[PDB]
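In: As they sit in the full assembly, here are the leading chains:
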Amino acid sequence: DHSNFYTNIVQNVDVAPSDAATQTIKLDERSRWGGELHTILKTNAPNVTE
């Protein structure tokens, strides 16, 4: 489901597919980093369900 899904964050159309994955975005070891999260959701949950 879209609850548990495994995505690719590299967005490289040059080397593709499945080799855009397996490569890492390497931040520097010298600095301690920080990330701002900004999410967007959509749902279709009914009132009464199992």
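Out: Looks like it came in fine. Numbers count the residues shown, from 1 in each chain, chains lettered A, B, ... in the order given.
In: residue nearest the centroid of chain A?
Out: The centroid of chain A falls nearest to residue A:7 when counting by C-alpha atoms, centre = their mean (4.8 Å).
In: so which helix or strand takes in that residue?
Out: Assigned by DSSP states H and E, residue A:7 falls within no helix or strand.
In: Quick check on it: phi, psi?
Out: Main-chain torsions, residue A:7, degrees, to the nearest 10: phi -110, psi 170.
In: And the strands in chain A?
Out: Along chain A, no stretch is classed among the strands by DSSP state E.
In: okay, stretch A:18-36 in PDB with CA atoms only?
Out: Written as PDB, here are the backbone C-alpha positions of stretch A:18-36 (Å, rounded to 0.1, in the frame of the first residue of the first chain):
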ATOM      1  CA  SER A  18      17.200   0.500 -11.200                       C
ATOM      2  CA  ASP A  19      20.700   2.100 -11.400                       C
ATOM      3  CA  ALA A  20      19.300   5.500 -10.500                       C
ATOM      4  CA  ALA A  21      18.700   3.600  -7.300                       C
ATOM      5  CA  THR A  22      21.500   1.900  -5.300                       C
ATOM      6  CA  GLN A  23      23.500   5.100  -5.400                       C
ATOM      7  CA  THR A  24      23.600   7.300  -2.300                       C
ATOM      8  CA  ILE A  25      23.400  11.100  -1.800                       C
ATOM      9  CA  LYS A  26      26.500  11.700   0.200                       C
ATOM     10  CA  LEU A  27      26.300  14.600   2.700                       C
ATOM     11  CA  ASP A  28      29.600  15.700   4.200                       C
ATOM     12  CA  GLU A  29      31.000  14.100   7.300                       C
ATOM     13  CA  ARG A  30      32.500  17.400   8.500                       C
ATOM     14  CA  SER A  31      29.100  19.000   9.200                       C
ATOM     15  CA  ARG A  32      26.100  17.700  11.200                       C
ATOM     16  CA  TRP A  33      23.100  18.100   8.900                       C
ATOM     17  CA  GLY A  34      19.400  18.800   9.400                       C
ATOM     18  CA  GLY A  35      16.300  18.300   7.200                       C
ATOM     19  CA  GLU A  36      13.000  20.100   7.000                       C
END
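In: okay, now chain B:
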Amino acid sequence: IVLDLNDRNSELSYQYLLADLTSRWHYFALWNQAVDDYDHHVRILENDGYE
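Out: Placing chain B onto the earlier chains gives this:
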């Protein structure tokens, strides 16, 4: 530690490592070290006929 990748094959590298170390004629029952082999006269099948 274990960052395993889909491009890597963790299997079939142990198959080639073991063929480098020992032979594949011995049946070591701990690791279920038993070797797949066809019968040699069934694949090629000489047809020399009955005596």
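In: how close does the residue nearest to the centre of chain A get to residue A:21?
Out: According to C-beta to C-beta, to the nearest Å, residue A:7 and residue A:21 sit 9 Å apart. Where you see a C-beta, it was placed from the backbone N, CA and C, and this is true even at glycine.
In: Please apply the same query to residue B:13.
Out: Applying C-beta to C-beta, the value for residue B:13 to residue A:21 is 21 Å.
In: Between these two, which is the more surrounded one?
Out: Taking neighbours as other C-beta atoms under 10 Å in any protein chain shown, residue B:13 and residue A:21 compare with residue A:21 leading, 18 against 10.
In: hang on, the more buried one packs against residue A:8?
Out: Yes. Assessed by C-beta atoms under 8 Å, residue A:21 is found in contact with residue A:8 at 4.8 Å.
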